[PDB]
Amino acid sequence: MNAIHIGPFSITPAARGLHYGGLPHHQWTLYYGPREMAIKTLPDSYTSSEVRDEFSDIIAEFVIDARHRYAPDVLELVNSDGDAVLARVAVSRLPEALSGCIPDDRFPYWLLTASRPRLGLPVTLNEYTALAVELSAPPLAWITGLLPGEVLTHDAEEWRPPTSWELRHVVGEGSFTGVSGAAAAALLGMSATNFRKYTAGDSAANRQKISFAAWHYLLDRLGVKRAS
Amino acid sequence: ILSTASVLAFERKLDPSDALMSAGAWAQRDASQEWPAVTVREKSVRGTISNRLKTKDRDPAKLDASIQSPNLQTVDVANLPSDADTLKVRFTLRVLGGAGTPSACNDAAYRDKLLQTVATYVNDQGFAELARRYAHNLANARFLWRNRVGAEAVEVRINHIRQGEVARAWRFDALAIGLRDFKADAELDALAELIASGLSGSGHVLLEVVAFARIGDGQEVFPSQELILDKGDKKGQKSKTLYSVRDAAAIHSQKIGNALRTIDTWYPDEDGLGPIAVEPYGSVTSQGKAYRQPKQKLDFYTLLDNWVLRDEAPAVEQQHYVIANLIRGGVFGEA
Amino acid sequence: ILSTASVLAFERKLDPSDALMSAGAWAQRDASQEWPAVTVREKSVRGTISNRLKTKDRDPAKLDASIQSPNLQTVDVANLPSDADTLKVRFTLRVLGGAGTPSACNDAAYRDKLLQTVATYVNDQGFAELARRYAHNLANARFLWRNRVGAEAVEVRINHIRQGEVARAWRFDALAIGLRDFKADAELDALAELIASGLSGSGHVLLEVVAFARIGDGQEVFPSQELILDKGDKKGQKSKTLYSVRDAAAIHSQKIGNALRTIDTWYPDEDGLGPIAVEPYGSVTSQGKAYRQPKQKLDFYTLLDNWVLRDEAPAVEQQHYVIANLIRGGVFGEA
Amino acid sequence: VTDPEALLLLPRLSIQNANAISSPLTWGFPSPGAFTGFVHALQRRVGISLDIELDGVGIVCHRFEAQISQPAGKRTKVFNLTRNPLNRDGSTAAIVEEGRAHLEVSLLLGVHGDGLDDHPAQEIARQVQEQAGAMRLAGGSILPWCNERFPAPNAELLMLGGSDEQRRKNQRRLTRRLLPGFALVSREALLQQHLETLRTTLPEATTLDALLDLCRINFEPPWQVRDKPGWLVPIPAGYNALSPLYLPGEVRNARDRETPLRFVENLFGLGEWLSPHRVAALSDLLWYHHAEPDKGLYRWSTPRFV
Amino acid sequence: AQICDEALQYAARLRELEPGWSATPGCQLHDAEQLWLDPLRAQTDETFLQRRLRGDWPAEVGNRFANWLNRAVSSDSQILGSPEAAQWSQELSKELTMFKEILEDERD
């Protein structure tokens, strides 16, 4: 039939139809952009929901692998013993004052990384509050690992507007944020048709590139990047 | 802000070679160049049941059925030839230097502070007491562990190799140099000065140490014991194997290194027993009891952190112990 | 607008072979073509507690219980025989050339601009400083990583193997030519022009490099260490595994290539350490830190993007660093 | 209802096509009522002539194979069928979905009576074995082990042991004989206490829901699996009254006009498969009838289990 | 208890194998466990290995299995500091006592 678009995922069938068993069949292909992940032979009597549910397990497995592959680093606030983890904060980036650190009794509270050669600093609760305010990761930060670096940079000259694929990562249908086009248009303050112009690609007519401030505020509102 | 580095890996100094064991007769030691090496051999043992029972094996008939089936093993034994009352053991020791510089480190500020602390220690009291104690551990055959215990006479020769030829020969008498007393001797002071030059980076020191122990004719010598995977049968169970390199029984290099590290007479408990090995938490495996417990704050890690971070320099013997721990190397830091 | 290519993979120049370790004696190195190889053998190690305790193992009873259960392991060990003090290391290095041309480049115009940038570099200064520093890393045995920190005397012989035969021979002293100073020498300059002709594309360069180190008789030599699958029992744990090719200990080829790469002295930090390996963001594994941070604007990517995209040519030292990274090669560009 | 004086071990019996549908709600291993009825038929046929009684059966189930298949695209299973003969007009008859299973079970039989003192143990054991070799156990023919390597006779072990250690050694040897299998026991107490646990968790919960919860794999959110004490299969636990007990000639088209008929409904309980070394005595595994005919409740269970 | 049950169950299906698989040639075939792995080789060998299992009475093999069961415990120092490791060792000792007693009377 036609392709099923689940966020950045495209389930497109082969135009040729086979007759496995006695019933007609089609070879359905699941792509994440240019990379295919599962080619499966499914009947022509299958509805779109059944074709979606056939690939839903591989879709959820790829989502879990993307969450566990681009998870933000974790800073642990510990006491002077350095064993009882008093607090845990997921940070988008580590403090620049971090060096190879083991806690002592010289300072009551210490901040460490969750990595095995732990990097940390002697911190107070006010300074740890300031560092957690400045550097904390947003909840859906792992989608920034599924986006190119040139659409997340904060400088104007080294920034490219995202395509329809990278927009469909976070905005509509089965996007990884989980929001729809109407909700993401409500967060940006634009109309439904104006944002549908942004989401839909194809020809250049009725298709514009999103601006720097709108894309960055959308990633701020969606909890993907720059959202402390 | 000077926190301790997460990795503080230290290369070991006083690197020993593997100590090969040969056998021969006393007073032929000056012609001990081509002595036949001690060969590890097999011998079969059957044994009675002799461990402590758990109050249910103490029945008469069941213990009778136990002794009626003796347990069978094939043990590797190392014995001298019957025309040989003297065991020769040869190794080489390399004194490197740069004891305070870690091989791997995380914090460069902590690395620089530790380097300055070690350089300060070298500045007031250089590698003299530790080198004298290591010279004493070379002088007595402590690397002949159970292997000079019942020896009538022990002799140790320590030669200094410079360009493939001998430079300074140190013929000793390990009966006179005790295993408990760290006294002073002119040849021991000369060997201490050589290990001082090696440890301070002044020069390269390679020492060939040969120990001759008079055990007995055809008696049992005690090399390093290996590990058995126990993949065989139960009759020829191979319960004990001894270490060798090429048809020649030998001692492990780390056993020799632990023998040279037994200089620590500054543990907070009573030192009437004698010196223990240089190690964190002063742990001798024969006693099963750790002197320098972290409760008493006399271990290596608390003293090193107090010395470097808080600048609380300990007692002079304790900083001798700390720098000796840095000489022995380790994986200090977070583990 | 002349943006950077998304795919900018580069092949490595200066490809080293695997460095085979053998064992032998000094002054027999002129006939070291029959020397027996260093064999990765096995030895058993028994250990007590020597790591930092996390405040719960610091109780005396728990620590003594941990002492009474020692961690027994088997370690792969590489030692010379007791009659062998010299460690020989032999590897071949192939200098290719064409370091400007990427293996993969999405953008033609970017490929033409990068080729013009490398061409204007070579027209300004050819592969002469980089080849001199690479020849210095050839002359000193920096590829002998831990087999030089305690070596008494190291010697390096480099032969130019043109048609399967020695076209030009060089003999050096790896201890006189230190790991810190890039001085000038006539034989070093001749090797520099040979590597220059290899890197430019003038000719084909294959170098047979042989290294001899005065470690000591029976001492432990240090090959490259492999990765442990950690599947067996805790008794025969196999904590350490060394690298061998055919019953013969060896160093990994990329370790040799990294040691030859150690020429980067122009990083913004001080010269207290010396040269580091030419990596993107100047990384050093032992120090655990990155010289040439992207924040201080001296990493390879910022310098290359200024040099190529916007014609902001850096200083000649940073140009040497960029061309040395191009010789080193890597998967540059956005994935 | 009584302690057996002896235990007779019928060996590995290969039942060819047993009724895999044990109950209207469960499939798989057949009903324990089939095994108890088989032992009562053995007592009816050869038990009376040997002056012994055969009550109580312990099932070991050394091997199970189900004549099933998994269709593609479904996680459930279907039963492989048999082609019934055509009708008198040459057309295919209506198909009744009946499933089959190849079983290999060994049975512990409780023997009590004076005939144990009148015959050798191997004689009565061989007589009940050669009687059972021409019978059916759950609707399937019993393969009587022809032309293999080493056939297995019985081993009737007297439960009146002279000493406790000799009785213990006899029970352990008899457990070692029936080793590659699982004793199937009844768990009315465990199912009732799990019903009380669910009623404390949530009220007005029936015994059916507690039986269902002890069979499905429960996934708990933090995603772990709620564990079970044992295998915890749903078994047919007997038959409950659905009609008054009619007269023997009252019910039309009955099996015989001398036995009273009463329409019943299946009773479902919780059974457990255990390794047979986890029991105090092998007489605990015996499945006994328990009629209570005034209130329906025609059950089979394992009394004296724990 | 279930785990050692399965071990017996494993030995149970080792009664379904060849009578003399343990006598085949091999450099390493776990000969310490082979007295319990193949009980039928006592029929194969009249006196080469039939009397060995009777005289030895192999019940220490479960202790080896207990070593494998010691790989089934968590590597937590909080259990070792508290009496949880004591209770674990107590129930382990009781269940391998039962396992060794089961393996003792295999000759009957």
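For (1) part of a loop (DSSP other than H, G, I, E, B); (2) more than 24 Å from D:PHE182 (Cα to Cα), each residue gets a yes or a no:
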residue: E:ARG15; (1), (2): no, no
residue: E:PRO25; (1), (2): yes, yes
residue: E:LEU29; (1), (2): yes, yes
residue: E:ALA32; (1), (2): yes, yes
residue: E:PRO39; (1), (2): yes, no
residue: E:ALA42; (1), (2): no, yes
residue: E:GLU46; (1), (2): yes, yes
residue: E:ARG52; (1), (2): no, yes
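Quick one: what pairs do we get from region A:189-208, first residue part of a loop (DSSP other than H, G, I, E, B), second among the hydroxyl-bearing types (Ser, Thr, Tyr), C-beta under 6 Å, 6+ apart or different chains?
Listed by first residue and then by second, the contacts come to A:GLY201/A:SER164.
For residues that are part of a helix (DSSP H, G or I) and surrounded by fewer than 17 Cβ atoms within 10 Å (Cβ to Cβ), tally how many sit in region E:66-86.
Of the residues in region E:66-86, 9 are part of a helix (DSSP H, G or I) and surrounded by fewer than 17 Cβ atoms within 10 Å (Cβ to Cβ).
What's the number of the condition A:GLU150 fails, among (1) surrounded by fewer than 14 Cβ atoms within 10 Å (Cβ to Cβ); (2) in a helix (DSSP H, G or I); (3) acidic (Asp, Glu)?
(1)
Considering only residues that are under 14 Å from the mean Cα position of the chain (by Cα) and within 14 Å of chain D (Cβ to nearest Cβ), look in region E:14-48 and name the one that is nearest to B:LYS231 (Cα to Cα).
E:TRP36
Go through region B:58-96 and count every residue that is within 21 Å of E:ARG52 (Cα to Cα) and of a type outside the set (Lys, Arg).
So the count comes out to 14.
Suppose we filter region B:286-299 for residues that are under 26 Å from B:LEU114 (Cβ atoms) and either more than 9 Å from every other protein chain (Cβ to nearest Cβ) or in a loop (DSSP other than H, G, I, E, B) (or both); how many remain?
Going through region B:286-299 one residue at a time, the tally reaches 9.
Being β-branched (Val, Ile, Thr) and more than 24 Å from C:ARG41 (Cβ to Cβ) is the requirement here; does B:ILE263 meet it?
Yes, satisfied.
Which one of these is under 21 Å from the mean Cα position of the chain (by Cα), part of a loop (DSSP other than H, G, I, E, B) and either under 28 Å from D:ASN19 (Cα atoms) or outside the structural domain of D:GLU65 (by CATH) (or both): D:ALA152, D:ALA134, D:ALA189, D:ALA205?
D:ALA134
Since D:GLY47 meets every condition but one in (1) within 18 Å of D:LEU184 (Cβ to Cβ); (2) surrounded by 21 or more Cβ atoms within 10 Å (Cβ to Cβ); (3) not polar (S, T, N, Q), which condition does it not meet?
Of the numbered conditions (1) within 18 Å of D:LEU184 (Cβ to Cβ); (2) surrounded by 21 or more Cβ atoms within 10 Å (Cβ to Cβ); (3) not polar (S, T, N, Q), the odd one out for D:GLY47 is (1).
If you check every pair at least six apart or on different chains, which have Cβ atoms under 7 Å apart with a residue in region D:159-179 that is more than 11 Å from chain E (Cβ to nearest Cβ) first and a residue that is in a loop (DSSP other than H, G, I, E, B) second?
D:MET159/D:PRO4; D:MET159/D:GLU5; D:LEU160/D:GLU5; D:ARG167/D:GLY161; D:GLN171/D:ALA281
Restricting the search to region B:94-106, which residues are touching a helix residue (DSSP H, G or I) at 6+ places or on another chain (Cβ under 9 Å), within 12 Å of chain A (Cβ to nearest Cβ) and not hydrophobic (A, V, I, L, M, F, W, C)?
B:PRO102
Taking the criterion of being under 23 Å from D:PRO151 (Cα atoms) and out of contact with any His (no Cβ under 6 Å at 6 or more places or on another chain), would at least one residue in region E:20-32 satisfy it?
Yes - at least one qualifying residue is present in region E:20-32.
Of all residues being surrounded by fewer than 21 Cβ atoms within 10 Å (Cβ to Cβ) and of a type in the set (S, T, N, Q) in region B:270-301, which is nearest to C:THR48 (Cα to Cα)? Just the residue, please.
B:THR285
Take region C:42-88 and flag every residue that is within 7 Å of chain B (Cβ to nearest Cβ) and either of a type in the set (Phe, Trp, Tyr) or closer than 30 Å to C:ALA25 by Cα (or both).
Scanning region C:42-88 gives C:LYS43, C:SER44, C:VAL45, C:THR74, C:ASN79, C:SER82.
Could you tell me whether region B:244-261 includes any residue that is in a loop (DSSP other than H, G, I, E, B), under 30 Å from B:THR120 (Cα atoms) and β-branched (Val, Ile, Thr)?
Checked region B:244-261: no residue is in a loop (DSSP other than H, G, I, E, B), under 30 Å from B:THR120 (Cα atoms) and β-branched (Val, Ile, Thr).
Across region A:64-121, what is the total count of residues that are within 25 Å of the chain's Cα centre (by Cα) and aromatic (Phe, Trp, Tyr)?
So the answer is 1.
Strands (runs of 3 or more DSSP E) wholly in region C:143-228 with at least 3 residues that are outside the structural domain of C:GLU317 (by CATH), surrounded by fewer than 15 Cβ atoms within 10 Å (Cβ to Cβ) and not polar (S, T, N, Q) - which ones?
C:166-173
I'd like the full set of residues that are within 19 Å of B:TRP145 (Cβ to Cβ), within 11 Å of another protein chain (Cβ to nearest Cβ), touching a strand residue (DSSP E or B) at 6+ places or on another chain (Cβ under 7 Å) and not polar (S, T, N, Q), limited to region B:267-285.
Correct list: B:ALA277, B:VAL278, B:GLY282, B:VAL284.
Return yes when C:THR285 is of a type in the set (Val, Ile, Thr) and more than 16 Å from the chain's Cα centre (by Cα) and no when it is not.
In short, no.
Could you tell me which residue of region D:137-149 is surrounded by the most Cβ atoms within 10 Å (Cβ to Cβ), considering only residues that are assigned to a loop (DSSP other than H, G, I, E, B) and not hydrophobic (A, V, I, L, M, F, W, C)?
D:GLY140
Output the residue which, of all residues in region B:112-130 that are surrounded by fewer than 20 Cβ atoms within 10 Å (Cβ to Cβ) and within 14 Å of chain A (Cβ to nearest Cβ), is farthest from B:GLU165 (Cα to Cα).
B:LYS113
All of this is worked out from the model, or read from it or from the source named; no laboratory instrument gave them. Here Cβ is always computed from backbone atoms with ideal geometry, including for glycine, and neighbour counts include all displayed protein chains.
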